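Descriptive analysis of the structure
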Protein chains: 4
Amino acid sequence: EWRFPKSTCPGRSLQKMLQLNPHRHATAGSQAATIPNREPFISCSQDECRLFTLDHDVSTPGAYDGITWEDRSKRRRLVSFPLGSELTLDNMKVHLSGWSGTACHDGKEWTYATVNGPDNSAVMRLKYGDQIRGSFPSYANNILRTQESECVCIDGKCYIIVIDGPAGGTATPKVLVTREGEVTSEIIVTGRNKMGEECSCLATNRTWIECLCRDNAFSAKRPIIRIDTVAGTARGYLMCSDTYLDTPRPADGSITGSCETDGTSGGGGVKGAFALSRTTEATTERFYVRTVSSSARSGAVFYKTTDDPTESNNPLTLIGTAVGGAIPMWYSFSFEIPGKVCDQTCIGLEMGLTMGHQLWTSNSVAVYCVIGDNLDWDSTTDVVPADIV
Amino acid sequence: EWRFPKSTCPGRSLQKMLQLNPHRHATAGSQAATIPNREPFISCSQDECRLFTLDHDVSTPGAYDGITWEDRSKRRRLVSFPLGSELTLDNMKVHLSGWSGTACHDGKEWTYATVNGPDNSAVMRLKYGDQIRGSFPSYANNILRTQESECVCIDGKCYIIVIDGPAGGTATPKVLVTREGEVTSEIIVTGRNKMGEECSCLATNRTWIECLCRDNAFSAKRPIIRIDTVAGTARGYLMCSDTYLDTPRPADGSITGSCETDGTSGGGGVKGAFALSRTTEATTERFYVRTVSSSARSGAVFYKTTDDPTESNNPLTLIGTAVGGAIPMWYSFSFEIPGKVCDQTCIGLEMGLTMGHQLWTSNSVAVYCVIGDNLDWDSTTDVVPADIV
Amino acid sequence: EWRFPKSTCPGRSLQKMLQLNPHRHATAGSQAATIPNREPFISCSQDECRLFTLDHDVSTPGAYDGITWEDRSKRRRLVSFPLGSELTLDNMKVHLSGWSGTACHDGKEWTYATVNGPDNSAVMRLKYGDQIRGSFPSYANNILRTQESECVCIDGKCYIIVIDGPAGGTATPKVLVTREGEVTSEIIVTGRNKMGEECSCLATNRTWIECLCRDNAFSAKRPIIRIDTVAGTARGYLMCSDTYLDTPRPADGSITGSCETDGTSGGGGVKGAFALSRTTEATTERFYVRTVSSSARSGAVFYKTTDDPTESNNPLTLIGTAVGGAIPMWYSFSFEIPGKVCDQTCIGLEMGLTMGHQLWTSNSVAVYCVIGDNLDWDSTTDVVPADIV
Amino acid sequence: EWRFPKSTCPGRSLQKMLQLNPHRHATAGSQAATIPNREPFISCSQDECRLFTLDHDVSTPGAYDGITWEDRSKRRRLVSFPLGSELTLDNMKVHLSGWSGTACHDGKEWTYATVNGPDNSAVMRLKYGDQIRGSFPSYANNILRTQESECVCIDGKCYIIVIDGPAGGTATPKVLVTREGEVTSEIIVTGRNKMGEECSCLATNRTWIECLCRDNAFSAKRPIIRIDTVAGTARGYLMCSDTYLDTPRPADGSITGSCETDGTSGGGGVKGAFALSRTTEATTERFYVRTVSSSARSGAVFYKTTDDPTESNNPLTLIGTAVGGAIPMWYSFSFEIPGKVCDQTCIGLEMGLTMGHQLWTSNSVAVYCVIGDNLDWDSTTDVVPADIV
Ligand SMILES: CC(=O)N[C@H]1[C@H]([C@H](O)[C@H](O)CO)OC(C(=O)O)=C[C@@H]1NC(=N)N
Ligand SMILES: CC(=O)N[C@H]1[C@H]([C@H](O)[C@H](O)CO)OC(C(=O)O)=C[C@@H]1NC(=N)N
Ligand SMILES: CC(=O)N[C@H]1[C@H]([C@H](O)[C@H](O)CO)OC(C(=O)O)=C[C@@H]1NC(=N)N
Ligand SMILES: CC(=O)N[C@H]1[C@H]([C@H](O)[C@H](O)CO)OC(C(=O)O)=C[C@@H]1NC(=N)N
Ligand SMILES: *[C@@H]1O[C@H](CO)[C@@H](O)[C@H](O)[C@H]1NC(C)=O
Ligand SMILES: *[C@@H]1O[C@H](CO)[C@@H](O)[C@H](O)[C@H]1NC(C)=O
Ligand SMILES: *[C@@H]1O[C@H](CO)[C@@H](O)[C@H](O)[C@H]1NC(C)=O
Ligand SMILES: *[C@@H]1O[C@H](CO)[C@@H](O)[C@H](O)[C@H]1NC(C)=O
Ligand SMILES: [Ca+2]
Ligand SMILES: [Ca+2]
Ligand SMILES: [Ca+2]
Ligand SMILES: [Ca+2]
């Protein structure tokens, strides 16, 4: 009936699943209406996985596709594609207008959520199946926004992290608890709770959820939020590892002080992601990604650890380079593929494609999952934005 | 088994669901065969919602798409798209030839209905699943025509409003009662019954239906038709509110006389729409739309009331502007999304796009549903018809 | 379980269902890969109807589409589209290579059949679901060929009419009886059996089938074949009505002699069609089509009769003109839409489109079904082949 | 429940099913995004058959499609199409990145497998439904590679042949045994086991599998591998027939020595295929293909035999020419269509299309299945690569 976390399929590394690269098909002579997009993620039911993303109400090639750099507009929508369908106009399914999104399947129906509206009075609407069942208005009136990756559903309840407030200062996250799309509860995040954008969330055992977030203002360490679904509580932490996962970031281990010390830099950031191995009682291994560059959104390197990331300052263990340092790599996202016997967690990579500042912008999506013993291959796009018609 | 009205999901305002905007993809360089269309509406089964519309047997760009301004021809068909699919040639499904349409799902099968034929001897055909099960010929031999929005099915019977007669004079509506597409009964509309085109209809409780119509000849007040499905009767009224909902219209409250007094103007009009909150016994709130302009089809403003619209001349309560006054806005339509626990009513807006008189004509469709506490955002198209190839 | 004929939904005329017109989308500026085709027909399961046709392994516009006039080649295939999908490359489903075809659903699985091979040694292959279960080689080694419309399945057995032999002389038809695609029996057609191409077949009651065919060599009267599925016998007749249904044809009633007298002309012909009303015991009304012109394939006129067409020379009763005489109209085909409570028979019209002799050739398909009391409207294409890119 | 081999539908020859030819639609004026590809094959579940192939992350026409000659890159993916859908961008479904592939359905879920990674450290990943359940790293670190045709699933276990090692020397094949995508066992191939690439495999009775392979280094005779699924053993043989099936090859019967003697030539080769008739206990007839030319990959000729191909040096019996000798014909592949009453085996032909060395490269796929008594027709492409835009 209801979705719930199982023990994960055994795996000791990350290996490539597939890649979607729609703008390979937007060159001279081509015959495709491709969908430029940003903030992609993947979410799955027991029947099918789907690639979700935020579009701009336009295809490429096309005269209007110059707006695709914008973060927020009346044009953007949360859309999705069956996973493995290329990202073309006829394959696209529109779910909700809005410019920040999340989605997750509870075992019976999809929940889709987007934020729509002006910056100072936006509203999250939650769609359950075909009906808008939930509505959650901005509480700090400064760009209400959510995960840009899948939410987590356990035992008929879904858990969504939202944040509202300045990009350059304190902004308090909230855990929304939904039931058939209705917001039935808000959970206050205690502990280290002054930031936490764009969380990538995965269940760590049968009843707990762990989210890896972005602190855009205070620290190059990523915030971590843990949710106890039985107690209905949430606590924020700062990831303690010397291997800082945000971009931009200082040299590894150079932040002086306790685990929860911000550091002197910390402005700016990017959505990050992780994967894991777990039994029904505990997570036994974690897998992390960060950029190759400590200053630009370029490259992707995988790491792993068997320590608790909220307690240990130990450096992470290098897995290898999944995207070379010369290749733009922007957001990454966590997701889980449910199975009848075991679950599997994965990391998707937003390989960015752009003609430049305030010009055409989109991506290619590469997917790696927890399986095997060594990284198999790195990913490239072989798309030159200059070649896009 | 059979569809029947449930209590609606709680909601105190209208908030945006999604928007379809196919002709964003018909610009120079684009690679899409988009479907120009008019009189769109949405109807849902428990499985899926669908966007229905009347096409012209052509795509845009294309050499033949200059006929898309015509109301009636041998080219038009009732077609549909899964809701959320963009309106392209490969996504389209053709149901019936004809130039006035409606459709509704009874819980087991779709009923589709169109009027086909010459102006003076048209015929409504009703398709149930894959078979044409019903046929209803013109009774006044002057453009038989129907709702251009979904019909209402209760307990295995579907209710369709048709009208026949002059656009500028008395034309008597009829309620057709269908069972598996067969017209089993005609219900005579008593009361105020001299006009009533293009009705948008919703169940007001377990057994009654209310339709909001267009009087093209006599009044800027909209006619309202109520159907008692148990008694098998229908009665027409004139909406009494000072906030007149048709276009063109005089200043609010300036019509002198009783609730049912026409007023001195009243020629012309446009299809209108409403939404509601209801329990199984009674409607508890109504939501209305009208244009911003009192003379042109431009803009869309939402209103609400807890009064009976056939009894109260009280002004409606402003919700806010859903489409700015500088933006063409033509038809609007009511529809209902059925759910397993509650139903939800919505209003769709036909945001018109045209190069001018007897030139290319189509639209974008924005959808708002009853949910939340304040209007979230207004809608735009950002399509300039001059840019369409 | 198994498909079997029910009493037909009540109806006293033919009225338009829909029309497919893919080459409206093949004009300058258009963005569609349309499928040029000939010999279309429709066949239905209880789930969906499908438009079948014979393609040429090409789309229009395209450099190779000049071969679309050919009757037989290694390029042609039996393909199909969900009924209501427009005839584009991405909507097409390929079933079998070959240049003469038929298909019918027995209640459990589709049977598809085509003839493939050279003129002097062609082979019919029969596909049941996904497997080729049947094979029937040419028996006269002179263009084995079949109905170009749906076969008829009763009680798990399907009935297919095939013919082999000269187009200008005696060619003996055979009734093939199939079970899960395997040819289990050949039925010898007795009586008037020297011709009978391209039969359109419908059940006339619970256990009998009637086929309306084309005599390409001897007569402007159409041959009729009746099959008794219980006895497993078939007998050929000549339609006796003064209203001769083939093209070309002499003036009505001018053939002198008995019902089975050929007449002095009779060379050439075209596939024809009929529809009917029936109970479980007997057919009570028949509906026929023929061209407007007695010499060219142009126009379509509907007729009806309550007489036995193998016994009565009475003229048929005019219903009206479904396609005007200035409009090319080639093949027509019979088909039946099964229902849970009643069945419905229909006639489809191949409205031909061509640039001329040995040039680009395709069609538009208009569908009329037995319902109502008067013909609703005639059909046009509004496609000028000169405009096709 | 689980898939297992049944007796095959009776048939004594090979006859054409269908052909897919997407690049007929890539000519001047055409409107299709076609998918250039190589190493196609077909695999079926009880619900549907699917055409699998290895793409290049590009469509034709398009600026990037010049890489389509490459064997291995970071661009290639195992993709599939419902069998009968033409090979266009919107019809394509991406399963796994990689440049050597196989897939097979066990009765419950699809298993997909590809090899990804650099030549010296590639990794096979196995996807079961939506999850990557298996991982198998290169064991000789010299281009791990697999069948390029469907694997065989019996009683919940699937059997995949892999090889690793030099293309010009000894390379040891391994039989991988999978259960829900997990590699549970490796079976050592005994006997003649120094080569065996690109095996086409079919069950020969209820419990045994026979694979027809390519020896790229030692012999023009094809290796044959038999798997006993009950004992869990595999043994390699050399096909003994004087009618040598590989290309290039010496004159028939001119290899001097025993059945297992290599011969003095033997360098180079091509993937080959066979089909069969079987009961639940034994194979009763085998059908083989080879090229017309003994030196180039051109043409296709069918043969048959009732002898054991590992024991008899008897020449095979000619069936006839399926593709004329002037037409390029590259890989061929075995596959089986499961049925409820009987199974059917088939051979697909990769009819190659290329502009030349290190230029655009793709194919057309023709399918022949075991049915009937004589070959019905040969196949052509009528695609001139010079005409491709
Ligand atoms: C709601 C919103 O606009 N979110 C922004 C996000 C945001 O600016 C930062 O996290 C600071 O708050 O940054 C960026 C980014 O690329 O850094 C993309 C996101 N765009 C979208 N999700 N449409
Ligand atoms: C059957 C028919 O032609 N209905 C007309 C409708 C009609 O003219 C008026 O209501 C007056 O009767 O007006 C208009 C309109 O835009 O005002 C569109 C509709 N077009 C279509 N439904 N095709
Ligand atoms: C097998 C075959 O070629 N059948 C022909 C058919 C035939 O020539 C006549 O009936 C005389 O035998 O005529 C014509 C026609 O338009 O008259 C189309 C059919 N074309 C196809 N079914 N491909
Ligand atoms: C893994 C790999 O590259 N396999 C090659 C294959 C291989 O080179 C030979 O068998 C020698 O080992 O040959 C060829 C070929 O056309 O001969 C295509 C295959 N290409 C692909 N399967 N992508
Ligand atoms: C999951 O982990 C948390 C934190 O360690 C623990 O409190 C909880 O009991 C665990 N749940 C189960 C079902 O073991
Ligand atoms: C619905 O409302 C009508 C009008 O007020 C009323 O007559 C009828 O009884 C109501 N139906 C139910 C089931 O309460
Ligand atoms: C169908 O009609 C035929 C011919 O009139 C007749 O012989 C047969 O009995 C009828 N079948 C049934 C079931 O009535
Ligand atoms: C299948 O054939 C093999 C080899 O001849 C034989 O050993 C085995 O017993 C056969 N299986 C069955 C089920 O007959
Ligand atoms: Ca930061
Ligand atoms: Ca009015
Ligand atoms: Ca004739
Ligand atoms: Ca060799």
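Residues numbered from 1 in each chain as written, not as in the entry; some residues may be left out. Chains lettered and ligands numbered in written order. Heavy atoms only, no water.

In the PDB archive, X-ray crystallography is given as the structure determination method for this entry, at a resolution of 1.85 Å.

1. Focus: the coordination of the calcium ion (ligand 11)
Residues and elements named next belong to chain C. At 2.4 to 2.8 Å from the calcium ion (ligand 11) lie its protein donor atoms, namely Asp 215 (O), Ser 219 (O), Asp 246 (OD), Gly 266 (O) and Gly 268 (O). Sequence spacing of the donor residues for the calcium ion (ligand 11), all on one chain, is D-x3-S-x26-D-x19-G-x1-G. Of this pair, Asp 246 sits in the loop between β17 (233–238) and β18 (274–278) while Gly 266 sits in the loop between β17 and β18, placing them 20 residues apart in sequence. Residue classification places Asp 246 among the buried residues on the basis of a relative accessible area of 0%. Note on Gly 266: relative accessible area 5%, which makes it buried. (Donors = N, O, S within 2.8 Å, 3.2 Å for Na, K, Ca; no water. Helix = DSSP H or I, 4+ residues; strand = E, 2+ residues; numbered from the N terminus. Buried < 20%, exposed > 50% of the residue type's maximum accessible area, 1.4 Å probe, protein only.)

2. Notes on the packing of aromatic side chains
This structure, assessed with the given rule, holds 32 aromatic pairs over all chains. Relative to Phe52(D), the ring of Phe41(D) lies with its centre 5.2 Å away and its plane at 10°, an arrangement referred to as stacked. Taken as a pair, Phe41(D) in strand β2 (residues 38–44) and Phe52(D) in strand β3 (residues 49–54) lie far apart in primary sequence, 11 residues in all. Across this residue pair, the class does not change: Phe41(D) and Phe52(D) are buried. Above the face of the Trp99(A) ring, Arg72(A) is positioned so that its terminal group lies 6.0 Å from the ring centre. The residue whose ring lies beneath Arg226(D) is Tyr237(D), and the NZ or CZ to ring-centre distance is 5.5 Å. (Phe/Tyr/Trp six-rings, centres within 6.5 Å; stacked < 30°, edge-to-face > 60°. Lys NZ or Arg CZ within 6 Å of the ring centre and 35° of its normal.)

3. Thoughts on the environment of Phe4(C)
Residues and elements named next belong to chain C. Tracing the chain through its elements places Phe 4 in the segment before β1 (14–20). A relative accessible area of 36% places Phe 4 in the partly exposed class. Leaving out residues up to four positions away in the same chain, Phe 4 has contacts with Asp 155, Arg 206 and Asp 343. (Contact = heavy atoms within 4.5 Å.)

4. With respect to the sheet that holds strand β21 (residues 317–328) of chain B
The strands that make up a sheet pair up through hydrogen bonds in the backbone, lying either parallel or antiparallel. Residues and elements named next belong to chain B. Ordered in space as β18-β19-β20-β21, the four strands form an open sheet in which the pairing is antiparallel. Strands at the two margins of the open sheet, each flanked by one partner only, are β18 (274–278) and β21. Pairs of neighbouring strands in the sheet enclose a mean axial angle of 15°, with direction left out of account. Pairing between β18 and strand β19 (residues 283–290): five bridges, direction antiparallel. Bridge pairing in β19 places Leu 276 opposite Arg 286. (Pairing = 2+ DSSP bridges. Axes fitted to C-alpha atoms, helices over the stretch in contact; angles between N-to-C directions.)

5. Let's talk about the relation of the copies chain B and chain C
When chain B is brought onto chain C, the operation consists of a screw motion whose angular component is 90° and whose axial shift is 0.0 Å, with 0.0 Å RMSD remaining. Between the two chains, the operation in question is that of a four-fold axis. Looking at the rotation axis and the C-alpha trace of chain B, the residue lying nearest is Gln31(B), at 4.3 Å. Comparing interface residues between copies, only 10% of those in chain B also sit at the interface in chain C, which points to a heterologous contact through distinct surfaces. (Least-squares fit on C-alpha atoms.)

6. Some details on the coordination of the calcium ion (ligand 12)
All names here are of chain D. Note on the calcium ion (ligand 12): its protein donors are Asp 215 (O), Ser 219 (O), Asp 246 (OD), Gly 266 (O) and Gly 268 (O). The metal-donor distances range over 2.4 to 2.8 Å. Binding-site remark: the calcium ion (ligand 12) is held by donors from one chain whose sequence spacing is D-x3-S-x26-D-x19-G-x1-G. In this pair, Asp 246 is assigned in the loop between β17 (233–238) and β18 (274–278) and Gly 268 in the loop between β17 and β18, connecting sequence segments 22 residues apart.

7. Overview of the site of ligand 6
Residues and elements named next belong to chain B. Neighbouring residues of ligand 6: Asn 205, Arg 206, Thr 207, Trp 208 and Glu 281. Between ligand 6 and the protein, one listed contact pairs an oxygen atom with a side-chain N or O atom of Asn 205 at 2.4 Å. One of the side-chain nitrogen or oxygen atoms of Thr 207 is found 3.1 Å away from a nitrogen atom of ligand 6. Relative to its unbound accessible area of 360 Å², ligand 6 is 51% covered by the protein chains. Looking at the shell around ligand 6, its residues break down into one nonpolar, two polar and two charged. (Near = heavy atom within 4 Å. Polar contact = N/O pair within 3.5 Å; in protein donor to acceptor, adjacent residues only side chain to side chain. Areas by Shrake-Rupley, 256 points an atom, 1.4 Å probe, with all protein chains shown as cover. Nonpolar A, V, L, I, M, F, W, Y, C, P; charged D, E, K, R; others polar.)

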